[PDB]
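Accompanying notes for the structure given below.
Counting neighbours? That spans all protein chains shown, and the Cβs are built from the backbone with ideal geometry, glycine included. Every number here is computed from the coordinates shown, using simple stated rules; none is lab data.
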Amino acid sequence: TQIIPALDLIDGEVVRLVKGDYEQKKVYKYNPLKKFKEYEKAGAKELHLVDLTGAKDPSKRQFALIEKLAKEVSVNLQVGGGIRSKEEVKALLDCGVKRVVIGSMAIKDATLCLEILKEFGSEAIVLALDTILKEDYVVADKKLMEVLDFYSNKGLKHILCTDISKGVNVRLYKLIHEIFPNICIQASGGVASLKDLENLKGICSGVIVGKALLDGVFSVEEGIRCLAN
């Protein structure tokens, strides 16, 4: 299991969207490029970037900043943000982005997702699934495990699975893992301390950590150390 430090960007600014009853925006002082180099210098080997500006309106995707980030960062950069076209994905991988996160269309259009998968390969493509517990885990009507079953048999390797109720939902991941042992799970949501990281050790291939690193709850060094085998 590896830590994956994350930054959410709006108009070149590092922010975070706190969620719950009211979506609230907190703007940080950090320069995105400087913060990412710092994470890298601390030992991060994977970085996650969410373009919230592009996620809100694809015409205003932050290509210029993403491009620059991709070519100064010497480790793997992964990018997400309402990405829903092959052109988008191809533009991003051309900037030097290692992996692109798709997912808003995982069910409204399974054929395009498959197409993206075949064209660019399973190592370059991550499927984002937001999932909730009703009587069963469903995608936010369809069963999560069945949606996973479908993509798993078509060479899907990477998923970014978020419980949108959230510490972390350890039970959710232990059992995705129990059933789909070959899927590389990235956990996200609810990471509040080192203990969340420890509880996911051996279960998830990656843990997305944003707020905790930004607010100084723990450091990249501490995260890497406690995930070390």
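Under a point spin-label approximation (7 Å from Cα along Cα-to-Cβ), what is the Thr111-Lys143 distance to one decimal in nm?
2.6 nm
Can you report the principal axis dimensions of region 1-127 using only the alpha carbons, biggest first, rounded to whole angstrom?
41, 37, 31 Å, listed from the longest principal axis down.
Which of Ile176, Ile164 comes first, and how do the rest follow, when ranked by fewest Cβ neighbours within 10 Å? Don't skip to the answer; put the middle values down first.
Values: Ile176 23, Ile164 11.
Going from sparsest to densest Cβ surroundings: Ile164, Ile176.
Structure shown: which of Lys37/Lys90; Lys134/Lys166; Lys68/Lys98; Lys71/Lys118; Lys35/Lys56; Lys68/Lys211 lie over 18 Å apart, alpha-carbon to alpha-carbon?
The pairs that break the limit, which is 18 Å between Cα atoms, are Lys37/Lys90; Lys71/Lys118; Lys35/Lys56; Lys68/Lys211.
What value, in deg cm²/dmol to 500, does the helix sum -39500 (n - 2.57) over DSSP H runs of n ≥ 4 give at 222 nm once divided by the residues of the chain?
-10000 deg cm²/dmol
Cα-based Rg (one decimal) and Dmax (whole number) for region 102-149, in Å?
Spelled out, the Cα radius of gyration and Dmax of region 102-149 are 11.4, 36 Å.
Please compute the net charge surrounding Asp163, taking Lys and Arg as +1 and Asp and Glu as -1 over other residues with Cβ under 14 Å from its Cβ.
+2
What does the charge add up to near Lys26, with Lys and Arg as +1, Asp and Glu as -1, over the other residues with Cβ less than 13 Å from its Cβ?
Surrounding charge for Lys26 is +1.
Among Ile159, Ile179, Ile132, which comes first, second and so on when ranked by fewest other beta-carbon atoms within 10 Å?
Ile179, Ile132, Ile159
Quick check: Cα centre of region 156-229 to Cα centre of region 94-134, how many Å?
About 19 Å separates the Cα centre of region 156-229 from the one of region 94-134.
Can you give the alpha-carbon Rg of region 89-177 over 2.2 N^0.38 Å, where N counts its residues?
After normalising by residue count via 2.2 N^0.38 Å, the value is 1.11.
Take the Cβ-Cβ distance between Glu72 and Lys201 as r, set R0 to 25 Å, and report the resulting FRET efficiency rounded to the nearest 0.05.
0.25
Normalized C-alpha radius of gyration of the chain, against 2.2 N^0.38 Å?
0.95
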